[PDB]
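Written below as C-alpha cells is the structure these notes are about.
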Amino acid sequence: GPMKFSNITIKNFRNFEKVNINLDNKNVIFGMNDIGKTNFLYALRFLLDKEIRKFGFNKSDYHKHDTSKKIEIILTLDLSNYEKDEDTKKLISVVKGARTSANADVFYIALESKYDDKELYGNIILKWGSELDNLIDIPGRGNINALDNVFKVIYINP
Amino acid sequence: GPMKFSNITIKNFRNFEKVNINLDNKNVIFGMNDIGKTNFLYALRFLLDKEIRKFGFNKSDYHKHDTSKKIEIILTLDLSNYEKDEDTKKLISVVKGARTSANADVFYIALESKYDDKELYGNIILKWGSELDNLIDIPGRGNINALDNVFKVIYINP
Amino acid sequence: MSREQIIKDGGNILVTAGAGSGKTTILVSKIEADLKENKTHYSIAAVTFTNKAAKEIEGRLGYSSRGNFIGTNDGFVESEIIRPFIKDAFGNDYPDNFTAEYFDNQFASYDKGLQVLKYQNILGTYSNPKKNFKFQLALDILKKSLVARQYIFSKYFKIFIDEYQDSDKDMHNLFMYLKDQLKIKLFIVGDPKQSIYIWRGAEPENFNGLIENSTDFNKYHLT
Amino acid sequence: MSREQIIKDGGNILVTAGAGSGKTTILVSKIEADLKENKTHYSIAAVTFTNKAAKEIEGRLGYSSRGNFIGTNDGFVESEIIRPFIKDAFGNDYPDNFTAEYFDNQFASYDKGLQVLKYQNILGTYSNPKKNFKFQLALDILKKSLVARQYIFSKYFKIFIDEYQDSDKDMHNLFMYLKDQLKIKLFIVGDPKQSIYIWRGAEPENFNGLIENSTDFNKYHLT
C-alpha cells in the first residue's frame, strides 16, 4: 500500500495528557470539545508547519500550565511501495541516514520540548528518524529544518 | 579596555549596498533617511534578536528587490580584559571552539542569507566565530541559537 | 546545428568533446536545463576531480533549495553513502566519522586490509596503484542495505559524470549498478584522447567498450 | 546539626562521607543550592564515572538553559577540551573527531605513542595500567592555548568532582591546574575507605596528602 500516516502520540500538549490515536492520510476530527480539535490541529501544525514552530511554546501550551512536563508529539509514518509512491520518495530522499535496515517501513517524527525558567521560552527540539531508541543529529540549517523540504502545511480556515 | 563593538559590515540589506561603519557600545544614529536608520536597527535585530530572525527575509528585505544578491551582515567584536570584563566572559563561555589562538581579540558574527525561488523564503544562516576564512558548524539546537544565550535585544519604541 | 541536438537531449547523452575544456560549458548548460525543466523533488549530482572546477560550478550556479551535490567522486561517496549508512549496514560498531589517507596501510591482501580497517580505523589503498577500495566499499554497502539503495533512487534522478576516462573498474561498477539496478539516469561525458592518467589508475578500455559494445548510450559529435 | 553546616557551605568543601552512596544526596543538594543562589552566566560541571549515576542526576534535575555538563571525566575532557580546541592548539592537521579505544596501541615509550597518535589517528593508553594519557593531553592543550584557558575560566565557576579516590596523578594535576592557574572553585568529595580501584590505576595518596598537607580545603565530617 502507498505511504500512509499511522499514529500520533501526543503527550502533555495543551489538553492532551497522553493519547496515541491512529491516523491515515484522509482524516476527519469532530465531536465535543472544539478546543480539543483546535489543539489537535495546532499540534499537527507544530509538528509539520514551520510557520508555527518559530513562535515556540508558551506557558498555556502545556497541560494544566505545568511547565515541569515535556511536550512529546510523535508522528508515525508507514512506508511501502517505494518504486511507485512519489510521496515515499519525497520523504526518503531528504532523510539521509537514521533509517535502520531492519525496519524500513516505520518512520517516527517526534517533537521534544522542555521549558526553561531562565528565559520563559520552551524550545521546539525536533527529533525525527526511524527508531525511538536512537536518533542522529538533525541538520537544521538555520530556520528551515530538513523536514521543511518534505511536509508543508496548507492551512485552510475561512 | 573592556569588550566593545568594533564594526558591522552590512551588505545587500534593504537599503545598505555595501557599508562598513564602526561601532562602539554606546551608539547614536541620526540624520537624513529615517528609513535608513530603521533598516540599520532592523539589521541589528536580525543579527542579534531571535524574535526577528524567525520571520526570515522577504523580497523587499533585499537591496532593490534583487534576490540574486546575498545578505551578509558581519558584526565585529573586540575582546580584552578577560579577567575583569563580565560581558567578555559571557560571550566566550558560550562559544566552544572556532576561536584561533592567534587572534583572541577579534570576533566576527556574520549572517549569510540566499534567496531560493522554489519556496520564496530567504533562510537566515548564521555563521559566527573568530575568523572570516574558517567557520565551524553552529550548534543551532532547534529555534534557539547558541548566540541567543549571549545577545538579547531589548527593543524600546513608544 | 548542434545546439538543437544539445537542447533536445533525451535520456542518457554521450558527447565526444575535444580538449581545452569545452565540456564545462555543455555541462553547465545541461545542468541548468535539467534544473529548469524539472518540477519535482528529484535532485542532481555532478562530480569532478578538479576542485577548482567544483568551485567555479558552485560560483556560477545559484542557491538551490533542493540539495544538489558538487564535489569529487571519493568525497561524494564518503560524504553521502559511507558516512550515514556505515552504522546501519555494518552495525553500530563501525565508525561513522573518519578521514581518508592513502599512504598509511599499503597492504597486499584484501583480508589484511579488511582487518586493519575494522580494528585500527585506518583507511588507505592497495599497494597496486590500480583500483580504489572506496568504490568497492560503496558497492558492498549498497548491496546489503535497502535504505541506501532507496535513498540513492529517490534523491538523484540523473547523476552527471565528468572526465570518465579517469574512471577505473570500481567506480565504473558503482555507476553501472546505479544505472541498472537502480534505474537512475546517467549523463556521462569523456574524451578518448584524454588517456593520460593511466599510471594513476585509469583504465578507459571499459569506457571505450561502452562506446562500442553498449547500445543504450547514444554517441554524439560536438564541433 | 550538620544540615546547617551543609547549607552554610563556603568556598571549597571537602566531606568525609561514608559508604553505601550517601554522597549522591549531598551532591544533588549542593548542585541545586549552587544553581539556585547563582544569578549569573557561570555554569557548573559535575563528573562521575558511573554512567547510571549520570543518568539519575540528569533525570532528577530539570532543564537548564545555561549549559550544565553531566558525564565522565574522560568523556568530559574529550567532549569540551579536546574536541573543539585540538585544531586551534596543534594546527588544522590534527583530527577533531575521533573515538577512544584503550586496547589498540599498548605502547611502552611516550615518543612512540606521540608518533602513532599523530600519524595513524589511533588513541590508546600506556602498557602501564597506571596514569591516563587523556589528562596529560588536556594539560598540554591547556598550557599552550589561551582560548581553552579562557573558555574554562568563563564557563565553569565551580567544578564538582566525585569519587576522587579513583583519580590518579593526571586528572589530579588537571584539577589542580584549573583550581590554581585558573582560580576556579572546586567541590571535591571522596571516601578514604573506597580505595579498591588501585589496580585500575587509582593512587589516592595525593588525595590523602591534600587532606593532611593542604590547608585551603577544609575537612568536614558527615554522620
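Heads up, header says this was done by electron microscopy, 3.6 Å.
Quick reminder: no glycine exception, Cβ is built from N, Cα and C everywhere.
These come from Swiss-Prot:
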BINDING   D:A17, D:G18, D:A19, D:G20, D:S21, D:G22, D:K23, D:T24  ATP binding site
SITE      D:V147  site 'Interaction with GajA'
SITE      D:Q150  site 'Interaction with GajA'
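Feature annotations (Swiss-Prot) mapped to structure.
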{"residue": "D:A17", "record": "ATP binding site", "contacts (Cβ under 8 Å, 6+ apart)": "D:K23, D:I26, D:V189, D:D191, D:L222"}
{"residue": "D:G18", "record": "ATP binding site", "contacts (Cβ under 8 Å, 6+ apart)": "D:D191, D:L222"}
{"residue": "D:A19", "record": "ATP binding site", "contacts (Cβ under 8 Å, 6+ apart)": "D:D191, D:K193, D:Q194"}
{"residue": "D:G20", "record": "ATP binding site", "contacts (Cβ under 8 Å, 6+ apart)": "none"}
{"residue": "D:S21", "record": "ATP binding site", "contacts (Cβ under 8 Å, 6+ apart)": "none"}
{"residue": "D:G22", "record": "ATP binding site", "contacts (Cβ under 8 Å, 6+ apart)": "D:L222"}
{"residue": "D:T24", "record": "ATP binding site", "contacts (Cβ under 8 Å, 6+ apart)": "D:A53, D:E56, D:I57"}
{"residue": "D:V147", "record": "site 'Interaction with GajA'", "contacts (Cβ under 8 Å, 6+ apart)": "D:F85, D:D88"}
{"residue": "D:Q150", "record": "site 'Interaction with GajA'", "contacts (Cβ under 8 Å, 6+ apart)": "none"}
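Using a 10 Å radius centred on the Cβ of D:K23 (ATP binding site) and all shown protein chains, the other Cβ atoms total 21.
Other than D:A17, D:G18, D:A19, D:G20, D:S21, D:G22, D:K23, D:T24, the residues of this chain whose Cβ falls within 8 Å of the Cβ centroid of the ATP site are, in sequence order, D:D191. Filtering the recorded positions D:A19, D:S21, D:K23, D:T24, D:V147, D:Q150 for a Cβ under 8 angstroms from any Cβ of chain B leaves D:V147, D:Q150, in order along the sequence. In sequence order, the binding-site residues from D:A17, D:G18, D:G20, D:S21, D:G22, D:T24 that place a Cβ under 8 angstroms from a chain A Cβ amount to none.
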